Every structure is written in structure tokens, then in C-alpha cells.
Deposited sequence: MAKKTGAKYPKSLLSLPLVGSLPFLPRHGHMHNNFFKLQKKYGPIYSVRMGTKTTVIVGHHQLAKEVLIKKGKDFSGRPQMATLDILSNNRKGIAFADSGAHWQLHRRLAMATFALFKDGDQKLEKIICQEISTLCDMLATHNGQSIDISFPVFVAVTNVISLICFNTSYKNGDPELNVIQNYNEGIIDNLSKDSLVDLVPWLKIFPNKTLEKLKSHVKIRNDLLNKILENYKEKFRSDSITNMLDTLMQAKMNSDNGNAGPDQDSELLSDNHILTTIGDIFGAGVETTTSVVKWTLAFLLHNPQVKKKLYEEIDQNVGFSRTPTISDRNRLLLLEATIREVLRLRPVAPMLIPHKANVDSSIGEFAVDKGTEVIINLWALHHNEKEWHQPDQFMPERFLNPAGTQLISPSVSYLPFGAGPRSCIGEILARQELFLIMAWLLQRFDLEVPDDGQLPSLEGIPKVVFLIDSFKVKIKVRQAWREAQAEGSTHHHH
């Protein structure tokens, strides 16, 4: 009796469980690296830090490409900008210029931009004293203004409805960019009739029309005697012509990515962090203790307080380990024939770093499924440590994050100001937020509510 002919085989069920974890599980059987073939495209998944750091650092330039996807094409305006651009003259240029802008805020000192918007954030939330709210939007607004000040030296006032229009198309872009993660085994959208690409174009259209209107008004304001933000930095480079690489759509898309990443990543990590603290009251109590001890109520927190607020800095590290924004980074592509761990990797092959597998490796972490900020501390709790090398929340090499500094400061300051001033409790229905998460292009958390009350100790101190 014979075996049925086999036209196709996949090692697990499509759309069942999170991709990054299904890949991780396969490693017990196939080892830390393996490949899957879709028609002609071959995809290699890496789940070990030594191999990951080969792909990202030791051979960074080799694997610095991006694959082409229908949805990403629409959002990136055919592979322009930075994040979804292939490695090339345009990518390198805009990446450089974008990185260069960050210099213009080193001592408009970045900390003062951030703390400005946090103060407003905390004043908003004080009004909700005694109520249970979703804190998504108020935080969205804060970081939106920071990135806007950095990009255009403009910020939105309370009640500007353009903020809600931005919130709307950001949710829509994310919803349709990918069903779950960016890594789909089966290309379903090319198979069955669906309105997915249509919907994406509509959110992206609105986002684009809005950015054109910011550029055109700004062409009047631009003066080479003043370079204070990203758009100046980009218009300056243009007039020094590379001219093909700095067209209006090229500039637009780059700001697009920066605006996108600067808001959706930090907002998500704030919501995830609050969520973990709701589930872990002991840690939260010790966070209050810590900040009461080392900051008190005499002033508002500052970047210098990272030296003192070590438990907080560790909590932040731990959330980025447990719930990385991008548990599989953004996909990479081999630009040339190369290798990984002495296995051959052909040019044009897709290479995915399973950061989830790195962050949950049992041999690299003690109880990796557990929220344990202590792990980034010495036993005494007197300084931060780096307990595993299998830890790359911001990536590494050519394609590494370029907002890590901005990111880390935003996260630290927001959490510090909030804990200084607010009791953050489980809402009256006693519902806790599911920590399972929702894997989109960003690893999101189900929306949830938190009971906010101004701190008794903060009150007295007035």
C-alpha cells in the first residue's frame, strides 16, 4: 500500500498560535536554523544569538537587504524611506541624514522636548483622578508631539482633531499591513479575493496627503541659515545637489517612517509596561519606593535619574525582552551569495531573526517566560547588569534601530513621571489586561483600562 503523492508540506498550521513562537518550537526538532520554500522564494529562520549576530554584524552588509512585499510597497511608496527600503544609495543616504538630525538635540535639548510633553500628559491624566481610562491616546499625543517637534519644530495643541486623524490611519495601516506578523508562510492576499490592499492604500493616501501639506507650507519657512530639525536637514542636502535621491516623495516617506516608528513603538511599550505592573503589584510598590527614595517630590525626574532608578531601568529592559516590539525584527535579505553558520545562503534569500527565540532561550535565561526585572540587576540591586548576550531588542548592525536613544529616554521619563505622581491600579471591574499580545508589524497589547489616582504623597508635597 503506497503513500499519497505530496504537492506541499508546512511544519505547522497557518494562523494558529503566534508565528514567532511556532518557529521557536520547531527548533527542538530541526535545530536553531532552517529554511522554508514558497514557490520560488526561500526563507531562512534563525533562532540562535551566535547565528543572529553573524547575520546582523559579522556579515551585516551581506544580509542588509529587505524583501519586497505588496503591502510594504504601498506604505513605503515603492521601497523609499528607510525601514522597508532595500539596501542602496537612497536608504544609506536617508538613514545617515536621519541619524544626523538627532545631533541637533543633544544639549532644544531632547530631554526638554520630552519632559515638556510629559508634563502636559500628566496634567491631562490628573483630571481623570479616580476614574478608569485607556491611556493609549494621551500617550499617543505626547510622543506624537515629541516626534513632530523633532521633525518640523511644530506641536499640536489639546483638541487638535488632526491628532485623531493620525491615530485613525495609524491603526488602519497597522491593521492591513499584515494580518498577523509581517512573516506569512502562505501569501493569502494573492490567493483569494480581498479588499486588503485597497484599504491600506486609503489609509496611506490620507497619511500622504497630510504630509504633502506639511511640506508645501514648509517650503516657505525653510532657511539654510537655520538647521534645527529633520526636514531642514533633508532640504539642505537636497539643495546641495544625489538630487534624485532627495525628491519630495523620498523625503516624505522617510519622515513617514520616523513619524510611524517614533509613535507606535514607544506607545506600545508604555502600555505593555503598565500592563506588567498591573499583574505584578510587588514590583510596582518597589518602583514607588525606589523613586520616592532617589527623587522624592522636590522636582520632576530627569535623564540623570537613570543612575538612581535602577529597578525602573531594569523593568523597561525586561519588557523589551519578554515582549519585543518586533519579535522577528524586520525581515532581512541576502544581497550576495553568503553563508550562515557555514550553511550556504543564496542571494535574494529571505533571512528572519527570531528575536523571540533569543529572548526565551532556556540555556541563556532563568525562567524566561517570567516577568523578572531583577534579572537585569545584581543580587544586591546596586547596579544594572547584562545577564545574557542573547538580547537584541533594537537589533544590530546596518539595519539597527536609529531611535534607540530617543526611545529609551522617552520610556524612562514617561514611566518615572507617572509613578512619581500616579497610583496606577486595577480598574473597578477587576479585569486585568491579557499579556498574550497581538502580533502585528508591532507586537501589540489588547487595549485595557487602568484606574488612575493622584498620589497621596504627591498631594501633600504641594
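Unmodelled regions of the deposited chain sequence (numbering from residue 1, in sequence order): 1 to 12, 120 to 121, 256 to 264, 486 to 494.
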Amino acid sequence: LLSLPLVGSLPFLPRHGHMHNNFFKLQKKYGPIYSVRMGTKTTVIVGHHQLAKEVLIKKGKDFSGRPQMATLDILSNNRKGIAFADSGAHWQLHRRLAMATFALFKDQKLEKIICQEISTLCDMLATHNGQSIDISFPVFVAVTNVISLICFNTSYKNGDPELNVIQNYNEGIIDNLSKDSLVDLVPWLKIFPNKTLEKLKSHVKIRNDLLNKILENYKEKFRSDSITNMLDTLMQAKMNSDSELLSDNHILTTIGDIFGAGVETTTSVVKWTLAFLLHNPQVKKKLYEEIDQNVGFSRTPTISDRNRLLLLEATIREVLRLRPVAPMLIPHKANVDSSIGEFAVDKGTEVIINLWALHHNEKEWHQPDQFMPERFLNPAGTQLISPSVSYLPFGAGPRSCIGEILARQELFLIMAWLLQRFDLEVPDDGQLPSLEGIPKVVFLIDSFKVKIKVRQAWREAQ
From here on, numbers count along this sequence of modelled residues.
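Averaged over Cα atoms, the B-factor as recorded in the entry is higher for 153 to 161 than for the other of 350 to 358 and 153 to 161. Note on 213 to 221 vs 362 to 370: mean CA B-factor is higher in 213 to 221. Comparing the listed residues 128, 238, 205, 321, the entry records the largest Cα B-factor for 238. By the numbers in the PDB entry, the CA B factor is greatest at 299 among 375, 299, 201, 333. Placement of the Cα temperature factor of residue 2 within the chain: middle third of the modelled residues, per the deposited record. When the CA B factors of the chain's modelled residues are split into thirds, the value for residue 388 lands in the lowest one. Per the deposited record, the Cα B-factor of residue 279 falls in the lowest third when ranked against the other modelled residues of its chain.
In this PDB entry, the Cα temperature factor of residue 395 sits in the middle third of its chain's modelled residues. The PDB entry assigns residue 102 a C-alpha temperature factor belonging to the highest third of its chain's modelled residues.
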